[PDB]
Structure formats: structure tokens, C-alpha cells
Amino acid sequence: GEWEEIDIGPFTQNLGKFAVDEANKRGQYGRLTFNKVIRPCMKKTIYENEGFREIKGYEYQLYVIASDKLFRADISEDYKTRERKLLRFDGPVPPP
């Protein structure tokens, strides 16, 4: 089980804000207005495959409501620099 459901608290809500912010720069859905992240928020941890198998970072799967539409966002997050990248942002997706 590489995936782990995490809370949808302020940190996760801000992850959804990052997703909508990046989705707006992408422009695939035009200007979106972040509303909230809903359950479930899944986090997968990515490890070094060599040595002490340290954590490279994380990838999240978020269901983000933006402009009254439900989107599925996938975000990578580096472990050391916390720099985040929007991997995928698809919608409208069915309610999870």
C-alpha cells in the first residue's frame, strides 16, 4: 500500500489551492476559482531505490472543487525543497 489517505485540513486545502493555481496557469479549463478539497486525499511516498531508500518526495491525488466543478488533481512534492508540481488536473470527475 504505497498510497495513504491524509486529512483534508488546511495543508491539504492549500495543496488544492496550488492545484487550482497551477491549473489556471495551464489554462485547460480557463480561469478556475478554488473552492475546497474534498475527501479522499491520497498521498503516495516516493523513495530512493538505492542506499537507505530515503524519501524522494510525495505525490498527492486530490479531489478539488473549483468553480463549482469537481476536479481530480495530482501533485508531486519534493521531500527536501517542498517544491510542488501539478502533474495532472482532470475534470469534471465523478464524486469519489
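Note that residue numbering begins at 1 and tracks the sequence as displayed.
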* **5-13 versus 75-83 - greater average Cα B-factor per the deposited record** => 75-83
* Structure fact -> Entry B factor averaged over C-alpha atoms, 59-67 against 24-32: higher for 24-32
* To do: Classify residue 53 as lowest, middle or highest third according to the C-alpha B-factor given in the PDB entry, relative to its own chain.
  => highest
* For residue 91, does the deposited CA B-factor place it in the lowest, middle or highest third of the chain? -> middle
